[PDB]
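Enquirer: The sequence isn't on hand, but the structure is:
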C-alpha cells in the first residue's frame, strides 16, 4: 500500500512503485531485481537513503497495451481490469493474469505521455493487437491508368508507395496478421450469352431514364495466410496489373464492352465493405486460437465521393454499429474542398449524405513542391437542405498510422443514460434460484431464456450471396458475379426494449436494447463469480457497459491405449467353461490392470487389454462367445443391451454416468471448432520434399478442461466425438463452447497434439468449410472450389466408377500422401470427402472429375517433419494434375497395374 | 526571397609546395590555425588573426554537401559553373586561377591555388539576380593581390546580402535629354546595376575603368553644353564633380558626394517626393484613321497608302516651306518617335505650334505616362512647371479604418479628403498633406524619409474594403465621406464594428450594422 | 514544346576490365565531355538529381548502387542545351532511376551484358517518344510497362483577394461537365457574374477561404482577375458606338491596357482610338444590387482579336496611360 519513488537529484526520469506499509522505514527492499535490465542500472540492494515516499493522488487517465500471437475475449479484458484496479504501470511492462498475457504501452495524462505511474479504478484502458486479421481491398477505376501530380501513375503510387511503407512499418513493429488482398472493379454491357447469365445487375435511376447492365469482377491474392517477409505481393500485383485489362476485356461478352468505370460514374465500394461484414459476421464458426483484432482497409484511387442506394446504406449502418472494422484510405493525394467522405443518394439539387462511422485517410508521396492544385481538367476535341458539402472545416487530415499498425478492439464501457419512465413499453425480468445438487450446466437455462442471444429481436442480414461463377485464370478464387438482391424486411417499430435479471440474494442486472448497454448492480462456489460470468456471456457477443506408470486424466488414458492398439500391431488346460480363476487372477504376472483406485471408478480394467491377454493365450475369433460367457456375470459398463462390450477397436470415453444435461441449439451463436486425427508415415514425408520427384453416431462429453488448481470457476467444453473403429480412417472431435476462458482450452488441445505426435499419431485442427458456396450457414465468399477433370481416353457401372475413383484415390494414397474418408458428423453425408494425410488438402468426389480445396487452419505450428510449407501443397496440386490428365504413360501403367489381376 | 545562405571556400589540390595545409593541420599564407580546430572555410565565422565559426545551420543535409562540393567544384577548364542539384538547391560559381612561370603577361611566396570561392541560393532566383551574382563573383575573383587570409571582404558582401534586398542606387539622380532612354536601352546588362558607369559612358563616351564597385575596390594586375543645357534647372555641379572624380582620381567618392548635396519648402518637399515616390505625365498624337483645308485628301491617301512613300516626294518636288511643311515634317518625326519631348526639343516657334496644329487637324491626341522609363532608372524630363504629375505604385498607411476624421481612402483625386499655381493635377499635394501638414520643418522631411513603415500601421485597404464588408453603395458612401470630416459619430456609425470583430459572424455583419447605426 | 532534348547516355563505374564505361544514343559527347564530367559520377550522396553546365548545354544525372560484392555503381544521364527554360525533365529522370532500380532489385537484370544490349532500343524508343508526344507506354518486361509523361509546369500563381472580379478567358463548353471537382461544378454556372461576395452568397453557398483557394487554382490554370465595373465616369457616353460598356472594360483590363482608376478620361481616350482605328442599360443603379439578396451578335471579341494577332497597336496602347 505504501508508495515509493526514486530518482536522484538533477535527473530526467521519475520511477515509482508500491509495496506494503512503510511507516517506520526499517524493513524494505528494491521490489524488482530485473527492473535493472528493464529500465535503468544501479546496484539492487535495500539501502541508499534516497527514496522518497509519496501520497500520489495523481492518476493516468488513459493506458494502452498490445497482444502478440494470442486469442482472448473482452470478458477476459474485464477481469484483467478487475485484477488491474489498484496497481502500478511502467512503460514496456510484460504482465500476466490467469494464465494470459499483456504488454503495456501508450499511457497519456491530459497533455503529456508519462513513462511511469499508477492506475486505480477510474482511468480507462485500450487493448490493441498486433496479431490481427486484415482484409485489404484495392478498387480499380478508370483513373488508375492516369498520370497525376509530380509525374507518376496512381497504380505504382498506391501499391508501391503505400504498401511498401506499410509493410516496412509492419516489419519494424514485428506484428502478425491474416491478410486477404482482393483486387476488384466493374464492367458495363455484359448483357446476354450462355454460361455467363448469372452475373448481371442493373443500374437503375427511378425517374431519369438510365438503367444499364453491369457486373463486378473480383480476383483474390494470397487468400488467408500468415507469412514473414512480405512485399513479394507487390511483384505479384504488378504482374496482375499488366495482365489485368485483357482478363477483364476478352471474356464473357464480346459485344460492345466498357470496363473499369469511374468512382463517381458508378461504384461497388459499399458492397465490398458489406461483404467484408458478411465475412466477419460469421467469424464465430471456425474460431482461431491466436488472432483477435479485425480490420477492413479499403484502398481507393478515387476522391471520397460515392453514390449508393439508401437501403443497403441503412443496412450497413445497422450492421456497423455492431462491430467497428471499416477504414478507408484514398491513394489519390489532393484532399478536396468539401466534406470528404460523402455519398450521393443514388436514389430510388441531388441529395447529399455524409458518414461519420468511417476513418478516412489520404496518401501523399515523398516529394516537396508547393502549389498542389485541388482540381482535374480534360480537353475535348470536337425538406431539410441544411447540409451542403462545403461548410465543414476540412483542412488537413493525415494517415493515422497508430490506428493502422495496431488495430484496437471494441469499446467496452461507454456513456449513455437510462430509460426511466414514460413511453418505454416492453419489460422482461428473470429471477434465477439454483439448488444444492452436484450429482455447471444449469446456467444455460437462464442463458437461453433471458435474451436467446438477440433471439426474436434480430440483427438484420438480408445480404443473400447466392451465385459465384469463377474463371481458370490463376489458382486462387476468381469469381465474377452478381451479389443477389437485398431481401430487406424492416424490424421493430415504435418500441424500445428493456430487461432485468435477479438473484434475490444480492445480484441485479438491467439491460437496455437498441444497442446492448448493460447496468450491472452488485451487493460449491460463490455467487458473485456466477454473476460476473453471466455478465461475461452477456458481453461475449456485444457488450457495451455504462459508465458514470500412468496419469489417470480421463480422455488421455483411452487415448494412450488407443495409441497402444497400433503400437504392437505394426494357460492351463484349455476349452474349459469355468474360467473364473483366470478372470480374477490376471495380475499374477505383470498384466496391466488398473485395479487400484480412481474417482467414479473403483475397479479399473478395460476389455481391449483382456482381448490382448486371451489372444496371447486363447484363440482369436471364438473370443466373443466366451466373452459373452464372461459378461453374463461380471460387468464394466452400466447396462448392456449390446454385444459383449465391444470387441476390437471400439471407442468409449469418460463419463460412465449419463442415464438414471442440456443442449446448445444452432441459432444462439455457438463457438465451435473441428479437430481431426490422421495416420502418418514420415519415411515417405522426407522424399515428399527430397530428391525423389515424379448405438449412436455422436457421443457428447462435457469435459472440465483444466490442468491447474484454480478454485475460481467451473469451465467445460462439449466435445462431440464421432468415431467407431479408425483402422486407417480419420477421427474427428467437434469442439463446442459458449463458456469460460479460451487459452486454457488452447493449451489442452496443445497437450493433445504434443501427446499425439510422439507416442501415437497425429492431430490437426480443420477449417469446417466443406466444399460449399455462400448463402449457407457455413461458407465463405472467397473459396475457389478448384475443379480437376479426370480424363480417361479409352451393370450398375456408376458404383463401379466410384469404386475405381476410390482406388486411384488410395493409390495416390500409396505413393506419398494417404487418404481418409472424413465421414463427417451432421447426418446423411452428401458426397465423399477425403482429407489427405498430415497436409492441407481436401477432396470431394461427385461432370468429368472432382473438386479440391485447402486448409488455412495450420498457422506455422502443428509441426514435425510432416506439415507446413505451402509449396508442398502446390507440389501435390501439380502432381495430381500430372497423374490425372492421361499423361505420357502414367494412367497407361495404371490401367495395366489394375487389369493385371 | 533574394537571399544567399552559403558562401564558402575549400581545399584539395592547391598549386604550391610549402607553408600550407598539405602536411600539418590547416594553415596557409600569413595564417596558422593549426592542430585541427573548428575549420574556418565557410560563411558564419567571426574572424581575427584567430577565428571561430559555428557549424550548425543548413536546414537539410550538411557535410555530405560540403565534402562532395570539395571536388564537385573543381575542374581543369575555366569559365562559368551552374549546378542545380536536387529539388531546392542551386550552386553558382565562376572561378578562375592565375598561375604563371615568370612572364607577367604583390607576391611574397608562390602561394598559387585552384581557388574555389562559391556562394549559393535555393532554386527560385531571378535572371538578372543570377547574372548579377555572376559578375559579382567575377569582380570578386579578379586577381586579389592583397595576398593574405583576409575573408572579411567576403563577409562584407555576405552581410550586404542578408541586410539589403535592393543593393545599389543613388541619392544623386540626374536628368533626361532627348536620347538617354534608348541610349540606356542599348546595353541593359553590363556591370552591377550601375547608374555611375551609365552616366559616364553617356557623357564622356569612352569606356574607361576607374574601377567601379559596390563598397570595396578590386584589382586586375570638358564643360558640355548639351548636358548643362539639360541641367541648368536641376543640379549641375554635383554631376560636374562626378565628371572630375571619374576623370581624375578614384577611391574617394561617397565622402565627397553626400556632403556636397511656403513655396520653397513645398518645392524641396515635392522634389524629395519625386526623388522617392512620384511619377510624371506626357502626351503625343497619332495620324491613324481608316474607314470608308487639308482634312480629306491626305487622309484618303493614308487610307490607301502610307504617307512617307507618296507625300514625302512632293515637299521637295515643289519647294514649299510653310505651315503645311510644318504639318508635314515635324508631325512625321513626332509620329516616328511619340513623346512630346521632340516637340519641346526641336523648337523655334514650334513650341506653341505643335499642340496648336495638333488640336487643329483631326489627328488624334492622347495623354499618357513617360516613355518606358522604369523606376530602375534615375528620372525622365527635368523639372519645369508646364507638365503634370501623379503617383501610382507607392504603398501607404491608413486613413479611414481606424476611425479618423480627415478621411482619405483611394478614389478619384486618389487620396480623397501665385497661390498654388503650377500643376493641374492636385493629388501631389493631396498625398503630401495627407502625409503631414507643411508647417512642420524637420518632421516634414523626416516623414518623407520615414514613410518606410509609414508611422507604424501597415496597409489593409484601398477603398474596396468598405463596400466589400458592408452595405455601402458608392454614391451613398460618398454622401457619407464628403461630410464625415466634421463629427465623430458620423464616422463612428460605420467604424464601430470591433463588437463584430470579436468576430463570430461567418456570413456578414450588415443586419446588426444597419440596425445599430442611427440614434 | 516544354523542353528540347538531344542525347541520352548510360554510364557505370565498372571493375578493372573497364574503369568507367558508357552507352550512348545521340551531339556526340566525346573524350572532352567525359573527362570534364567524370568526377561528378561517383558519390556517397546517391538517389539524387544533379544537373551541371557545359559548353553544349546541360547534362542531368542520377546514380544508384547495389551488389556490394565487387561493388556496383551506375548512372543515367540526360543531356540537353542550356539557354532555354529546361526545367521540366527532372522527376522523369528520377522516375526512370526508380524503374531501373526496382527492375534490378526484383529481376537481377544487369548482371550480364546481354540485358544491357537489350536495353539499347529502349533508349532509341524513349529518345524518339519524348520528343514525339512526351508520353511513353512501353512494356519492357513482364513486370514493368514504363509510363512516362511530360508536365509543362505552369508557373507560380498570385494572391487572390475577395473584392476581385474574375473572367474566364476561354469558353465554358470546351470541357466535360462531368469532369471537374464538385465545388467547381457548384460555382462554374456562375463565373461571368462579376464580383466575388456576390457570387459566393448568390449561387455558391460555400466558404470564403475555400472559394478563394479554388479560384487561385483556376488562376493557376486558366482565369484572369481584374477589378470591379462600378460606373465611375458617366460622361464617357456621348460618342456613338456599338455595345462596348459592360463587357469592354473587363475585356480591356484582362488585356491589361489601363491604370486601375479608369476615371473619366481613360475610356474615352481609348474609345476614339478604337472608333477611328477600326436606350438605357439602367446606367445608374447596378450598385444598389451590390450586396447579397435573399452588332446583333455580341461584339467584344471580334475587332480586338483581329487586332491582337498583330503588335503595332499593342505597342500603341501597351504604353498605355
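Expert: Received, thanks. Residues are numbered from 1 along each chain as shown, chains lettered A, B, ... in the order given.

Enquirer: Just the element for the closest residue to chain C within the stretch 451-600 of chain A, please.
Expert: The minimum distance from the stretch 451-600 of chain A to chain C, using C-beta to the nearest C-beta, falls at residue A:474 (14.3 Å). (C-beta placed from N, C-alpha, C; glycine too.) Under DSSP states H and E, no helix or strand contains residue A:474.

Enquirer: all helices for the stretch 51-200 of chain C, in order.
Expert: C:90-107, C:113-132, C:182-187, C:196-199 (DSSP state H, counting those that start in this stretch).

Enquirer: In the stretch 351-500 of chain B, what residue comes closest to chain A?
Expert: With C-beta to the nearest C-beta, the shortest gap between the stretch 351-500 of chain B and chain A falls at residue B:500, namely 19.4 Å.

Enquirer: thought that residue was touching residue B:507?
Expert: No: using C-beta atoms under 8 Å, residue B:500 is not in contact with residue B:507, being 11.2 Å away.

Enquirer: Between these two, tell me which one has more neighbours.
Expert: residue B:500 (16 against 10; other C-beta atoms under 10 Å in any protein chain shown).

Enquirer: Leaving out the residues flanking it, which one is nearest to the residue in the stretch 51-200 of chain C positioned nearest to chain B?
Expert: Across the stretch 51-200 of chain C, the shortest distance to chain B (C-beta to the nearest C-beta) belongs to residue C:163, at 3.9 Å. Excluding the flanking residues, the one nearest residue C:163 by C-beta to C-beta, 6 or more residues apart in numbering or on different chains is residue B:464, at 3.9 Å.

Enquirer: Now for the one you found, how many residues are close by?
Expert: 18.

Enquirer: do the same with residue B:427
Expert: 19.

Enquirer: Identify the residues contacting it.
Expert: Residue B:427 makes contacts with B:390, B:391, B:413, B:414, B:415, as judged by C-beta atoms under 8 Å, 6 or more residues apart in numbering or on different chains.

Enquirer: Let me know the secondary structure of the single nearest residue of the stretch 501-650 of chain A relative to chain B.
Expert: With C-beta to the nearest C-beta, the shortest gap between the stretch 501-650 of chain A and chain B falls at residue A:548, namely 33.4 Å. Assigned with DSSP: H, G, I helix; E, B strand; the rest coil, residue A:548 falls in the coil class.

Enquirer: again, but for residue A:55
Expert: At residue A:55 the chain is in coil, as set by three-state DSSP.

Enquirer: pretty sure it is touching residue A:3, no?
Expert: Yes: with contact defined as C-beta under 8 Å, residue A:55 counts as touching residue A:3 (7.2 Å).

Enquirer: and the stretch 201-321 of chain C, which of its residues are near chain B?
Expert: Within reach of chain B by C-beta under 8 Å from any C-beta of the partner chain, the stretch 201-321 of chain C has these residues: C:201, C:227-228, C:230, C:232, C:259, C:261, C:263-265, C:269, C:272-273, C:276-278, C:287-288, C:290-292, C:316, C:319-321.

Enquirer: contacting residues around residue 141?
Expert: As the question left the chain open, I've gone with chain A. By C-beta under 8 Å, 6+ apart, the contact set of residue A:141 is A:185, A:260, A:261, A:262, A:263, A:300, A:301, A:302.

Enquirer: I was thinking of chain C, sorry if that wasn't clear
Expert: Contacts of residue C:141 (C-beta under 8 Å, 6+ apart): C:103, C:107.

Enquirer: Could you measure from it over to residue A:156?
Expert: Going from residue C:141 to residue A:156 by C-beta to C-beta, to the nearest Å gives 14 Å.

Enquirer: cool, residue A:560 as well?
Expert: As judged by C-beta to C-beta, residue A:560 and residue A:156 stand 59 Å apart.

Enquirer: just residue A:185 next, same as before
Expert: 18 Å.

Enquirer: quick one: which of those two has more around it?
Expert: Counted by other C-beta under 10 Å, residue A:185 and residue A:156 do not tie: residue A:185 has more neighbours, with 22 against 19.

Enquirer: that's a strand at that one, yeah?
Expert: Yes: judged by three-state DSSP, residue A:185 forms part of a strand.

Enquirer: and it, what are its bridge partners?
Expert: Counting by DSSP bridges, residue A:185 is bridged to residue A:217.

Enquirer: Tell me who's in contact with it.
Expert: Applying C-beta under 8 Å, 6+ apart, we find residue A:185 in contact with A:139, A:140, A:141, A:216, A:217, A:248, A:259, A:260, A:261, A:268.

Enquirer: and those, which of them are in helices?
Expert: Among those, the members found in helices (DSSP state H) are residue A:248.

Enquirer: and the contacts of residue A:185 as TSV, adding distance to residue A:29?
Expert: As requested, the contacts of residue A:185 are exported to TSV (distance: C-beta to C-beta, whole Å):
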residue	distance to residue A:29
A:139	61
A:140	64
A:141	66
A:216	67
A:217	68
A:248	71
A:259	73
A:260	70
A:261	71
A:268	65
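
Enquirer: Tell me which of the contacts of residue A:185 fall in strands.
Expert: Among those, DSSP state E puts A:139, A:216, A:217, A:259 in strands.

Enquirer: Out of these, give me the one that has the most neighbours.
Expert: residue A:217 (25 neighbours).

Enquirer: Please report how far it lies from chain C.
Expert: Note on residue A:217: its distance to chain C, by C-beta to the nearest C-beta, to the nearest Å, is 21 Å.

Enquirer: Please apply the same query to residue B:383.
Expert: Applying C-beta to the nearest C-beta, the value for residue B:383 to chain C is 22 Å.

Enquirer: Name the helix or strand for the closest residue to that residue other than its chain neighbours, please.
Expert: The shortest distance from residue B:383 to any residue other than its chain neighbours is 5.5 Å, reached at residue B:234 (C-beta to C-beta, 6+ apart). Per DSSP H and E: residue B:234 is located in neither a helix nor a strand.

Enquirer: that older thread, quick one: which of the contacts of residue A:185 is nearest residue A:166?
Expert: residue A:139 (16.9 Å; C-beta to C-beta).

Enquirer: who's that closest one bridged to?
Expert: Residue A:139 forms beta bridges with residue A:184, as assigned by DSSP bridges.

Enquirer: so what's it up against?
Expert: Counting by C-beta under 8 Å, 6+ apart, residue A:139 makes contact with A:184, A:185, A:263, A:268, A:269, A:272, A:298, A:299, A:300, A:301, A:302.

Enquirer: Share the number of residues neighbouring the first one, please.
Expert: By that I understand residue A:184. 19.
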